[PDB]
Amino acid sequence: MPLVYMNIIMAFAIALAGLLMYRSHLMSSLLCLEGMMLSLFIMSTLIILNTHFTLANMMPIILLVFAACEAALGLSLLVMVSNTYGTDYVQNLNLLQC
Amino acid sequence: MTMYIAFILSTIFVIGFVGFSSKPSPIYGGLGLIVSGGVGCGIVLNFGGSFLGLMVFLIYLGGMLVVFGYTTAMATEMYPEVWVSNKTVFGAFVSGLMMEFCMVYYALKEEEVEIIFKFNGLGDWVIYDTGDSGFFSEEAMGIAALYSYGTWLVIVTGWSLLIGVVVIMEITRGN
Amino acid sequence: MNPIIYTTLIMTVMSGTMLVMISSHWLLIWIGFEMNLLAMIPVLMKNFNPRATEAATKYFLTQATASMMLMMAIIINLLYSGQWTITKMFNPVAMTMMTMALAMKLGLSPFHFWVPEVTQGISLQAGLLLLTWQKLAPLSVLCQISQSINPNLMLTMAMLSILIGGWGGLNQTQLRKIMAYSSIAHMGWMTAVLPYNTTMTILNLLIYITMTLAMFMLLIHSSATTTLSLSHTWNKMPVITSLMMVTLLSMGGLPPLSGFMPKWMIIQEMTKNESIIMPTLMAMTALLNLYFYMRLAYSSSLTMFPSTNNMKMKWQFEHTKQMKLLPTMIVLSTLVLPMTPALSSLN
Amino acid sequence: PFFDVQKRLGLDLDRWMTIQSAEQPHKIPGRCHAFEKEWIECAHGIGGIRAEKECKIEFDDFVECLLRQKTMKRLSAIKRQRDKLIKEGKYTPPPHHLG
Amino acid sequence: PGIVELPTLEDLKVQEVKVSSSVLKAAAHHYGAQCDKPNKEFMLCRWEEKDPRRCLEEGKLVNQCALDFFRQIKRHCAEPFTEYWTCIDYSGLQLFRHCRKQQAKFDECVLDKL
Amino acid sequence: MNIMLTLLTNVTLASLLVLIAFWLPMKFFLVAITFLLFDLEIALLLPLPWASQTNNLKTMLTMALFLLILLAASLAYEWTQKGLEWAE
Amino acid sequence: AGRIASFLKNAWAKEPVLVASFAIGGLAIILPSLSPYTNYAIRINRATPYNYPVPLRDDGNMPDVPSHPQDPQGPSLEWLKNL
Amino acid sequence: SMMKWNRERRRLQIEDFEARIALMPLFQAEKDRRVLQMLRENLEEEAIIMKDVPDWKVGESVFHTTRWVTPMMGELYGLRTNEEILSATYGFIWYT
Amino acid sequence: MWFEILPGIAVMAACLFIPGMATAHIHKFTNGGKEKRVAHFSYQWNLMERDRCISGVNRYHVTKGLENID
Amino acid sequence: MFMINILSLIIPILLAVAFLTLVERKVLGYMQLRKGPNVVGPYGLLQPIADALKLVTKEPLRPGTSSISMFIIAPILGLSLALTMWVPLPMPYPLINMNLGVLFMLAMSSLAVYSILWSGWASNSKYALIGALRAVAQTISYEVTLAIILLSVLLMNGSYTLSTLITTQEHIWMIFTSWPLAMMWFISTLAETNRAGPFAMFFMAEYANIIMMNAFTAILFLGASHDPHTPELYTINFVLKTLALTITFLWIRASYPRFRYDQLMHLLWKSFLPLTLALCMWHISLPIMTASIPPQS
Amino acid sequence: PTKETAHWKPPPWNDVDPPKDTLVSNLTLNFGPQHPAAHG
Ligand SMILES: CCCCCCCCCCCCCCCCCC(=O)OC[C@H](COP(=O)([O-])OCC[N+](C)(C)C)OC(=O)CCCCCCCCCCCCCCCCC
Ligand SMILES: CCCCCCCCCCCCCCCCCC(=O)OC[C@H](COP(=O)(O)OCCN)OC(=O)CCCCCCCCCCCCCCCCC
């Protein structure tokens, strides 16, 4: 298994850690989400193109059309959270303590 | 040397990933992954992914990366951040690059790094196959089957995206 | 929410769950999960209170993360086996990643953090949907990959779940939080028998699902969210609290109530698999669930609580909602133990 | 699937592309088509757990085709000894090696 | 787990056709119709025997028959062929569309002379 | 080779041209998301030119027309429930 | 009668763009169903060879398949040369 | 007018493709000899380079199968110079 | 009146003319008369590689014909 | 050798873009009872150079609030991506014969939004950010119309290869078959082109884009003929066509008032988009209905 | 109750947490006198 598979594997791993290491900004974490699935996108293309899985070439596109589609919700919950509190800070994401 | 060109594309891909995953300003984090978005297509392009590579630039890069920069241009936290403002992001920045560089050096030393998966650090050009592709581009003929063999995904994707529209307006409706 | 828009929104949520259970291609499974996530956040967003925005947010980030990690469990398995079917998974770390991700969708290990919090902010009826309908699709995948699952992984996860779910339930006073905490506890029973014969998991699923519809829907008719609010219900509805108490012991699982139906067969099965310390801890710590169950029972019907003068107003008027399908949920939740051999039909 | 409706309804929904060696557009063959055909036909109507013991060399052959790890190690060993030898003034490549 | 047996250079040293792509495509149609007897045999062997090492004899025979046809037309109107194929390469995609006139100047010889 | 060269010269010319120019002397958000959601659906619609050359064109006709129908339905839904009407 | 006439008159007076789009889209949705050339479209699309015409073994029982490529047997696409 | 012209291009495509499938038998035969002749040259070097290693029986079968498998393009040129591997791998993808 | 725009546009016209002009001729110069053989698919590429290998001068654009075989 | 062509594709354009400014002013001159620049050299021929030569000599006044990084990077990409736009143009034989040149053309056109967004965000001015906010919303809005229009017309070409476009038109200009889409595309390219210190480069970029987008329409609809033995005939025809389209860009830029923001989106979503959807539906059914689907090869 | 939870207020009875204070963004713009539309 060559380095092209590996390099992007840890690209996701640092992305997976990034989303799991909220600093102060959920927007920054949100931006980490689609980069994380891009690692999924590139791995999907790399394996499929390498093995000439002809019918499976559709799958990487439709991977985008849902991860990007849910990314609309990722902004949409964010775009609404920033209204009541006034910012995207996850520090205020504790009003539901109880 | 363009012997290891795909290595160069692969490594700068992740340093761009470490950039935004270090959690800088969202707008600066955005540009930190568009370069990673830019290089990722190069890896696919060098593998023969013309359409898939151009998809990253068109729907991924030129699409939803714009509205996230748009969203940050809406939010505009009382001070837009930067790599310089936070000192923790610099510590994570150097940590990620150094960790990648050492593992790369270990990978190019003995080619038998067993982290998670055992793997070979051999040349990227090696894994390629032989045999002509005829007159049909396998990357294009495969995705064209979405309307011939992808008779199910169009239904679910079309339904889901329409379902994407209703959920977006309904929750942004604000009661 | 426009009722027609609400109606179709649930229609897709079930459809996404249905897609998971009726497909063999791994990619189609991820669509079923993503589509379900795609159209349940608005269900939580029906009331639009800042508390709901809090809970609806918390759910998405965990569930979106789980789908992404699940998605590599697809590609890594593809990367190391060149397959797309749901079969005996062909890579160790890929199976570990999927199990680590599917569990987060349910919540057994500290992944359980979102389950109580999400339930609190969102409405009661939307809570019902979250605790009973979603928890089918992640279990649907597990029943098909159970043959390849690392046995020594969920068992720790299930033991952790039943322990933490029962442990925290003692300190909760908000009925939604107790309900979610108990769900985490019962979900530990779900996953513990999973590596073994999965027919008992389905029996536990069906028994628990019908058992929590009764618990929730009585709570809805009470229109109560706190223990004191449920305590006052003895005055207006003395019988409703009585059926609440009957569900409570079946909630706990004392025979002959059919809440002991799942636990009994789990012990019986897992004893056939030379596992005898494992059942003992489950039965032991399951008593912790019964503790706060009695506490809620003591406040509800077993004793009486100081009502309020304005409650005399509610005496004159009658409830309007027709508590659909509820009268048989309670019956199918308590006195079902004598008809036990029906589990053969499940497999 | 949990409740496999495809078998009862007799309609294909995902089986068309679930493997790389099924019917493909314009009969484009997958890279490891021959090995998948052998492995799949090795284990049909045999059992989910009998395949992991009986059809092993078929699966190992197919899994080697898709990664080619052992070949990659093989070629690495060839190249490692190649530049370990030529650097010491040993065997020199013939004219067709360099062109 | 075995030895990869492959043929030796003795059977591999076969006469090779030395022409450019435009030469092949210009006379491809006439070559395909006539020089077909070994082509079908070699092609059938490749799909059936599925072993590239097995069809070496057919592989050398089709080239030999192609050599026969190529020198056979050299006995004949090579100049009309020469002008035809030297105009085919001028096109980037090598289309016969811009060379129909020169094509007619080529086929009419082999039409009756062969 | 050729491609990497082409994306190299222009950026270098741009950089020198700024070197001689530097050293010598809700509703608005909502409409954007709707663009993204339509943007994703045009991605499914892009492979059409190769899709038109499949053998089973009848199935392709139904789905290609189907996707554009959902383009219309999504737009029509957003239009009739305000939506595409930008809040002024 | 009067209902559809007034409504269509109303639509074209206020929203000519909308009715034009619906008319074109509504038109395009039905021509393929009764199209007299779609049957040709599949025929020519199936008549374009991208892959090699793999020969089949000759043992008799198949006189339908020709021997030479110029032999009379086999499918003929004179329609393709004409339309 | 466009529909008439498009039909002609489809006819022109047919004529183009009919030229190709006539060229395939010779091309397949030529590339058939070249690929395994290059493979034999690889193993001729293999004997020389692996003379001293413990138990390298030159010509190992990678797979347990006896049927021929198309070689990976990696260990096909291999020993070849830098430019040969460059033109072979990213030749079509980069030529323009 | 307006005939003075023509000197304004003519410079751009000639300036816009050079790129297409320059590409047209140096392709002939580099590829010796024939255009650079376009390779939109694998077939045209390996057609070119066969031409380059058979040329002997390691140049695809050099074409050898009936004179090359005896 | 290849390096010469790359320069030969950039330098004359930059000279042409330089002389576009004189054209922009002066073709609007006699169209204004004006004369246009005539004092700076003969007929203002030195005005292109003069403006392009005095702007660089001015100091680059950047506000301290502006981040020097983004304030420089955003203009840099605004030209570089707009300079590779010219490359895959099928001027007789294009520079890079990309099999997917249409995607390459449109996708790089999708990154021109970043030059405006960052150069407006980095300015940190209330007027600047709303202007950048306005521009980014408008350009991405017309992006969906840009791609759908292309999909419809290109369907009759055969594939996204820009080199195939000349063969498709040949006898008949493709504007004849998609004139309802032609004006749809011409308005769309006007909106994207933002046309109804480190600045001369930006103006050059936004003016090179005008010529190319006009050239992209010229190769798309207003076709021509190409003789393999005399490509120069195609050169003159092509440059003349795109010159006229650039003149039209100037013609309407001095013939209309501005579009209000609400109407700017009202025209697209509620008028342009649904009509574009129907035309795309028309342009996919028709080739199937008439068995006139173009070959992919 | 413990020292950590000695201040956790019970949830609002209607589940509607107290709405945040004035968060309006009524921006003030100066359209001139440099703006050409301001007419000098
Ligand atoms: C069998 C046949 C099948 C196909 C038949 C198709 C139907 C017949 C043709 C349909 C109409 C033509 C296509 C649509 C065009 C109009 C779209 C539209 O929205 O119009 C109304 C729109 C808006 O009109 P409005 O403002 O009156 O409002 C219309 C209705 N609402 C309110 C809903 C929008 O018109 C415009 O947008 C006008 C142009 C504005 C931009 C300013 C620049 C104009 C420059 C014009 C001169 C240059 C032209 C260059 C042409 C190309 C040259 C290469
Ligand atoms: C497994 C072990 C047991 C588990 C369950 C234990 C349940 C009780 C445990 C204690 C509960 C808490 C303490 C008591 C709470 C009382 C709740 C309550 O609401 O009490 C008051 C209420 C008032 O009565 P009311 O609702 O007016 O109805 C009267 C009957 N019409 O009272 C009622 O509503 C009482 C309703 C009584 C209904 C009686 C129905 C009788 C039907 C007889 C059918 C006979 C058929 C015979 C056929 C013969 C031939 C085959």
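Listed values, structure above:
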{"item": "Summed residue charge, Cβ within 9 Å of E:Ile3's Cβ, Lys/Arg positive, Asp/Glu negative", "result": "-1"}
{"item": "Amide H partners (placed H, <5 Å) of C:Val336, local residues excluded", "result": "C:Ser258"}
{"item": "For region H:87-96, Karplus couplings with θ = phi - 60° (6.51, -1.76, 1.60), whole Hz, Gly/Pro x", "result": "5, 6, 7, 9, x, 5, 5, 9, 5, 5"}
{"item": "In sequence order, calculated HN-Hα J values of region B:147-153 (Karplus, 6.51, -1.76, 1.60; Hz; x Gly/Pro)", "result": "9, 10, 9, x, 5, 9, 5"}
{"item": "Helix-derived mean residue ellipticity, 222 nm - over chain H, DSSP H n ≥ 4, -39500 (n - 2.57), to 500", "result": "-21500 deg cm²/dmol"}
{"item": "Proxy reagent accessibility, fewest Cβ within 10 Å first, across J:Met289, C:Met11", "result": "C:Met11, J:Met289"}
{"item": "Surrounding net charge for J:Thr145, when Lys and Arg each add one and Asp and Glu each subtract one, Cβ distance under 15 Å", "result": "-3"}
{"item": "Around B:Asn46: net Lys/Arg minus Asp/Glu count, Cβ-Cβ under 14 Å", "result": "-2"}
{"item": "Estimated [θ] at 222 nm from DSSP helical runs (n ≥ 4, -39500 (n - 2.57)) normalised by residues in chain J, nearest 500", "result": "-20500 deg cm²/dmol"}
{"item": "Most mobile of C:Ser23, C:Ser222, C:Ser333 in a GNM of chain C (Cα contacts under 10 Å)", "result": "C:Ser23"}
{"item": "Span-rule helices in chain E, defined as complete DSSP H runs reaching 20 Å or more along the axis (Cα) with Kyte mean at least -0.5", "result": "E:56-74"}
{"item": "Mean separation of Cα contacts under 8 Å (6+ apart) over length of chain D, as relative contact order %", "result": "17"}
{"item": "Mean Kyte hydropathy of 0.0 or more with a Cα span along the axis of at least 20 Å, helices from DSSP in chain C", "result": "C:3-21, C:50-81, C:92-106, C:151-169, C:175-192, C:199-222, C:238-252, C:277-297"}
{"item": "Surface/4 estimate of mean projected area, convex hull on alpha-carbon atoms of the protein assembly as shown, nm²", "result": "66.3"}
{"item": "Unsatisfied cross-links (Cα-Cα over 22 Å) in the set C:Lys105/C:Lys321; C:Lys236/C:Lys321; J:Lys26/J:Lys241; C:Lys177/C:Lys312", "result": "C:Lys105/C:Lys321; C:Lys177/C:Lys312"}
{"item": "Nearest-ten-degree value, helix I:42-55 long axis tilted from longest Cα axis of chain I", "result": "70"}
{"item": "Rh by Kirkwood over Cα pairs, then Stokes-Einstein D for region C:271-347 at 1.002 mPa s and 20 °C, µm²/s", "result": "121"}
{"item": "Angstrom value of the Kirkwood radius, inverse mean 1/r, which spans all Cα pairs in region A:3-92", "result": "14.5"}
{"item": "Selected from C:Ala66, C:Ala101, C:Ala283 as most flexible by GNM, with chain C as the system and alpha-carbon contacts under 10 Å", "result": "C:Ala283"}
{"item": "Those chymotrypsin sites (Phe, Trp or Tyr not before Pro) in region E:28-114 that DSSP places in a loop and that have at most 16 other beta carbons within 10 Å", "result": "E:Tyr90"}
{"item": "Likely footprinting exposure, C:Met200, C:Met284, fewest C-beta neighbours within 10 Å first", "result": "C:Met284, C:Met200"}
{"item": "Shape of region F:1-81, Cα gyration tensor, a/c cut at 1.5", "result": "oblate"}
{"item": "Fewest-first sequence of K:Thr28, G:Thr38 by Cβ atoms within 10 Å of each Cβ", "result": "K:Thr28, G:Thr38"}
{"item": "Mean separation of Cα contacts under 8 Å, 6 or more apart, over the residue count of chain C: relative contact order %", "result": "15"}
{"item": "Cleavage-rule hits (GluC sites (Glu not before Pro)) in region D:1-78: DSSP loop, at most 14 neighbouring Cβ within 10 angstrom", "result": "D:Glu23, D:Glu54"}
{"item": "Expected 222 nm ellipticity per residue - DSSP helices of 4 or more, -39500 (n - 2.57), all of chain A, to 500", "result": "-25000 deg cm²/dmol"}
{"item": "Across E:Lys74/E:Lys113; D:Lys79/H:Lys57; B:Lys87/J:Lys126, pairs whose alpha-carbon gap is larger than 19 Å", "result": "B:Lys87/J:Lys126"}
{"item": "Residues of type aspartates and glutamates that G:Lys14 reaches as a straight line, Cα spacing below 18 Å, ignoring anything fewer than 8 places off in the same chain", "result": "F:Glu85"}
{"item": "Eligible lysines near I:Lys36 by straight Cα distance, threshold 16 Å, same-chain separation 8 or greater", "result": "I:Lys28"}
{"item": "Residues with amide H under 5 Å from that of J:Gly223, placed H, sequence gap 5 or more", "result": "J:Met174, J:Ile175"}
{"item": "Candidates E:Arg46, E:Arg75, E:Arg100, ranked by Gaussian network fluctuation over chain E, Cα under 10 Å, top entry", "result": "E:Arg75"}
{"item": "Values of log10 I(q)/I(0), in the order q = 0.08 Å⁻¹, for region B:5-173 under a Debye, Cα-only, solvent-free model", "result": "-0.39"}
{"item": "Descending semi-axes in whole angstrom, ellipsoid equivalent of chain G, from the Cα gyration tensor", "result": "53, 12, 10"}
{"item": "Chain I - Rg (one decimal) and Dmax (whole number), Cα, Å", "result": "19.9, 71"}
{"item": "Pairs beyond 24 Å (Cα-Cα), from E:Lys25/E:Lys60; C:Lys88/D:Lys7; B:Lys109/D:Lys70; B:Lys118/D:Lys27; F:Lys82/K:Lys20", "result": "B:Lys118/D:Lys27; F:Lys82/K:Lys20"}
{"item": "Where labels lie 7 Å past Cα in the beta-carbon direction, separation of C:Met11 and J:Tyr127 in nm", "result": "5.3"}
{"item": "Per-residue ³J(HN,Hα) for region A:35-48, Karplus 6.51 cos²θ - 1.76 cosθ + 1.60, θ = phi - 60°, Hz, x for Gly and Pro", "result": "x, 4, 6, 4, 4, 5, 4, 6, 4, 4, 5, 4, 5, 5"}
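Computed from the coordinates by the stated procedures, all read-outs in this text should not be read as laboratory data. Methodologically, a virtual Cβ is constructed for each residue, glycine included, from the backbone with ideal geometry; neighbour enumeration extends over all protein chains shown.
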